[PDB]
Amino acid sequence: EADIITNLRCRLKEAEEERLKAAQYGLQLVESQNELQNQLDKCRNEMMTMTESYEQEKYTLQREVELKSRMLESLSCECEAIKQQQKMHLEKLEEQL
Amino acid sequence: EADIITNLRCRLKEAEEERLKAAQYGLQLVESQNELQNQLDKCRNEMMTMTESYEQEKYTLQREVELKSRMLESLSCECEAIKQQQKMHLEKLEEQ
């Protein structure tokens, strides 16, 4: 009956250490799970930040293009006109002579 | 000492149950690790694709601006030259 106790004490030791491994491993896993979560939250944040940053640069570049295109159109239409003016002169001068 | 035994039995029973529960949590955490782990990868992939597809749109637009700019600097010149050739003519004609 005291040989019962030494088996049980030996057994408790074993079990109390096993539980600790099992407990330690779980804690290691939780820390991983959380560092994974706090970096997924971080990923989602920098995604939104990026998107708005990109969409601003885009809009401002699309503005430049539109204006530059307006300018170019006007100027090209001017050059052509004021070159035609010069053509008309040539024509007239040659006709006259 | 069915007083000490009583307790020691219940103590083992506890450690046994508490190790299994931990074991159970471990499974769940691994499952929910892989799951998390995948959403992280998804996010990270979506980021890369967006970044690439945005820095390319950037390129095309800057190229446009550069080209258009060169062109307009050119026939900003031309236009301002020819307009002088007219003016100059005109004053010669005024002289005559």
# chains A, B, ... in the order shown; residues from 1 in each chain; ligands from 1
>>> interface_residues(of="chain A", to="chain B", cutoff="6 Å", atoms="only C-alpha atoms", output="VMD selection string")
chain A and resid 12 16 19 22 to 23 26 33 40 65 72 79
>>> atom_distance(atom1="CA of residue 3 (chain B)", atom2="CA of residue 1 (chain A)")
12.4 Å
>>> atom_distance(atom1="CA of residue 76 (chain A)", atom2="CA of residue 90 (chain A)")
21.2 Å
>>> atom_distance(atom1="CA of residue 86 (chain A)", atom2="CA of residue 93 (chain B)")
14.8 Å
>>> decode(residues="region 30-63 of chain B", atoms="N, CA and C atoms", output="PDB file, in the first residue's frame")
ATOM      1  N   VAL B  30      -2.741  24.864 -34.880  1.00  0.00           N
ATOM      2  CA  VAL B  30      -2.062  24.504 -36.124  1.00  0.00           C
ATOM      3  C   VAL B  30      -3.003  24.718 -37.315  1.00  0.00           C
ATOM      4  N   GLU B  31      -4.243  24.239 -37.215  1.00  0.00           N
ATOM      5  CA  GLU B  31      -5.241  24.441 -38.246  1.00  0.00           C
ATOM      6  C   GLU B  31      -5.392  25.937 -38.484  1.00  0.00           C
ATOM      7  N   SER B  32      -5.724  26.677 -37.423  1.00  0.00           N
ATOM      8  CA  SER B  32      -5.846  28.097 -37.531  1.00  0.00           C
ATOM      9  C   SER B  32      -4.509  28.803 -37.734  1.00  0.00           C
ATOM     10  N   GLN B  33      -3.390  28.096 -37.763  1.00  0.00           N
ATOM     11  CA  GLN B  33      -2.156  28.748 -38.173  1.00  0.00           C
ATOM     12  C   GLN B  33      -2.156  28.727 -39.678  1.00  0.00           C
ATOM     13  N   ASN B  34      -2.124  27.534 -40.260  1.00  0.00           N
ATOM     14  CA  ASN B  34      -2.199  27.373 -41.703  1.00  0.00           C
ATOM     15  C   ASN B  34      -3.229  28.294 -42.388  1.00  0.00           C
ATOM     16  N   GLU B  35      -4.437  28.367 -41.839  1.00  0.00           N
ATOM     17  CA  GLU B  35      -5.474  29.288 -42.297  1.00  0.00           C
ATOM     18  C   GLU B  35      -5.004  30.775 -42.332  1.00  0.00           C
ATOM     19  N   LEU B  36      -4.668  31.357 -41.180  1.00  0.00           N
ATOM     20  CA  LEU B  36      -3.998  32.651 -41.100  1.00  0.00           C
ATOM     21  C   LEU B  36      -2.953  32.752 -42.162  1.00  0.00           C
ATOM     22  N   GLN B  37      -2.029  31.782 -42.130  1.00  0.00           N
ATOM     23  CA  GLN B  37      -0.825  31.729 -42.955  1.00  0.00           C
ATOM     24  C   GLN B  37      -1.145  31.945 -44.427  1.00  0.00           C
ATOM     25  N   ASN B  38      -2.310  31.456 -44.849  1.00  0.00           N
ATOM     26  CA  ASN B  38      -2.736  31.531 -46.231  1.00  0.00           C
ATOM     27  C   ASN B  38      -3.240  32.927 -46.555  1.00  0.00           C
ATOM     28  N   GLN B  39      -4.029  33.514 -45.662  1.00  0.00           N
ATOM     29  CA  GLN B  39      -4.513  34.873 -45.852  1.00  0.00           C
ATOM     30  C   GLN B  39      -3.334  35.852 -45.908  1.00  0.00           C
ATOM     31  N   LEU B  40      -2.313  35.661 -45.077  1.00  0.00           N
ATOM     32  CA  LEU B  40      -1.097  36.437 -45.150  1.00  0.00           C
ATOM     33  C   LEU B  40      -0.548  36.346 -46.546  1.00  0.00           C
ATOM     34  N   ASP B  41      -0.412  35.122 -47.071  1.00  0.00           N
ATOM     35  CA  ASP B  41       0.145  34.929 -48.418  1.00  0.00           C
ATOM     36  C   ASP B  41      -0.707  35.603 -49.490  1.00  0.00           C
ATOM     37  N   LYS B  42      -2.032  35.422 -49.423  1.00  0.00           N
ATOM     38  CA  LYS B  42      -2.982  36.110 -50.313  1.00  0.00           C
ATOM     39  C   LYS B  42      -2.747  37.620 -50.334  1.00  0.00           C
ATOM     40  N   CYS B  43      -2.835  38.260 -49.166  1.00  0.00           N
ATOM     41  CA  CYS B  43      -2.586  39.680 -48.987  1.00  0.00           C
ATOM     42  C   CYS B  43      -1.275  40.059 -49.680  1.00  0.00           C
ATOM     43  N   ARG B  44      -0.192  39.374 -49.310  1.00  0.00           N
ATOM     44  CA  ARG B  44       1.120  39.706 -49.769  1.00  0.00           C
ATOM     45  C   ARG B  44       1.149  39.589 -51.334  1.00  0.00           C
ATOM     46  N   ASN B  45       0.468  38.582 -51.879  1.00  0.00           N
ATOM     47  CA  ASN B  45       0.443  38.407 -53.313  1.00  0.00           C
ATOM     48  C   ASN B  45      -0.311  39.545 -53.981  1.00  0.00           C
ATOM     49  N   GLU B  46      -1.557  39.761 -53.544  1.00  0.00           N
ATOM     50  CA  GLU B  46      -2.367  40.939 -53.975  1.00  0.00           C
ATOM     51  C   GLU B  46      -1.607  42.247 -53.956  1.00  0.00           C
ATOM     52  N   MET B  47      -0.780  42.465 -52.923  1.00  0.00           N
ATOM     53  CA  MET B  47       0.089  43.628 -52.829  1.00  0.00           C
ATOM     54  C   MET B  47       1.044  43.693 -53.994  1.00  0.00           C
ATOM     55  N   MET B  48       1.783  42.615 -54.215  1.00  0.00           N
ATOM     56  CA  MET B  48       2.781  42.603 -55.272  1.00  0.00           C
ATOM     57  C   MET B  48       2.174  42.865 -56.623  1.00  0.00           C
ATOM     58  N   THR B  49       1.075  42.173 -56.926  1.00  0.00           N
ATOM     59  CA  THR B  49       0.402  42.339 -58.194  1.00  0.00           C
ATOM     60  C   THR B  49      -0.046  43.818 -58.366  1.00  0.00           C
ATOM     61  N   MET B  50      -0.722  44.380 -57.353  1.00  0.00           N
ATOM     62  CA  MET B  50      -1.137  45.767 -57.377  1.00  0.00           C
ATOM     63  C   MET B  50       0.065  46.656 -57.614  1.00  0.00           C
ATOM     64  N   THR B  51       1.082  46.573 -56.767  1.00  0.00           N
ATOM     65  CA  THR B  51       2.295  47.382 -56.932  1.00  0.00           C
ATOM     66  C   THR B  51       2.890  47.321 -58.350  1.00  0.00           C
ATOM     67  N   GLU B  52       3.017  46.125 -58.901  1.00  0.00           N
ATOM     68  CA  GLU B  52       3.489  45.982 -60.262  1.00  0.00           C
ATOM     69  C   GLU B  52       2.527  46.664 -61.243  1.00  0.00           C
ATOM     70  N   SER B  53       1.245  46.329 -61.170  1.00  0.00           N
ATOM     71  CA  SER B  53       0.275  46.909 -62.090  1.00  0.00           C
ATOM     72  C   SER B  53       0.072  48.406 -61.952  1.00  0.00           C
ATOM     73  N   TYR B  54       0.589  48.989 -60.879  1.00  0.00           N
ATOM     74  CA  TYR B  54       0.458  50.394 -60.664  1.00  0.00           C
ATOM     75  C   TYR B  54       1.704  51.119 -61.121  1.00  0.00           C
ATOM     76  N   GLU B  55       2.866  50.533 -60.868  1.00  0.00           N
ATOM     77  CA  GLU B  55       4.126  51.132 -61.289  1.00  0.00           C
ATOM     78  C   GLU B  55       4.288  51.023 -62.825  1.00  0.00           C
ATOM     79  N   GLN B  56       3.570  50.104 -63.463  1.00  0.00           N
ATOM     80  CA  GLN B  56       3.531  50.044 -64.897  1.00  0.00           C
ATOM     81  C   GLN B  56       2.663  51.143 -65.481  1.00  0.00           C
ATOM     82  N   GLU B  57       1.481  51.363 -64.916  1.00  0.00           N
ATOM     83  CA  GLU B  57       0.610  52.475 -65.326  1.00  0.00           C
ATOM     84  C   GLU B  57       1.359  53.761 -65.154  1.00  0.00           C
ATOM     85  N   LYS B  58       2.147  53.869 -64.074  1.00  0.00           N
ATOM     86  CA  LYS B  58       2.991  55.035 -63.841  1.00  0.00           C
ATOM     87  C   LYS B  58       3.927  55.236 -65.010  1.00  0.00           C
ATOM     88  N   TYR B  59       4.651  54.187 -65.383  1.00  0.00           N
ATOM     89  CA  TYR B  59       5.606  54.268 -66.502  1.00  0.00           C
ATOM     90  C   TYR B  59       4.982  54.824 -67.757  1.00  0.00           C
ATOM     91  N   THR B  60       3.893  54.187 -68.213  1.00  0.00           N
ATOM     92  CA  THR B  60       3.246  54.525 -69.475  1.00  0.00           C
ATOM     93  C   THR B  60       2.907  55.965 -69.428  1.00  0.00           C
ATOM     94  N   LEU B  61       2.422  56.467 -68.294  1.00  0.00           N
ATOM     95  CA  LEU B  61       1.935  57.874 -68.187  1.00  0.00           C
ATOM     96  C   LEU B  61       3.081  58.871 -68.206  1.00  0.00           C
ATOM     97  N   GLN B  62       4.174  58.536 -67.535  1.00  0.00           N
ATOM     98  CA  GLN B  62       5.325  59.396 -67.566  1.00  0.00           C
ATOM     99  C   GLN B  62       5.898  59.454 -68.986  1.00  0.00           C
ATOM    100  N   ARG B  63       6.038  58.303 -69.653  1.00  0.00           N
ATOM    101  CA  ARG B  63       6.473  58.243 -71.023  1.00  0.00           C
ATOM    102  C   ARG B  63       5.630  59.237 -71.864  1.00  0.00           C
TER     103      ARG B  63
END
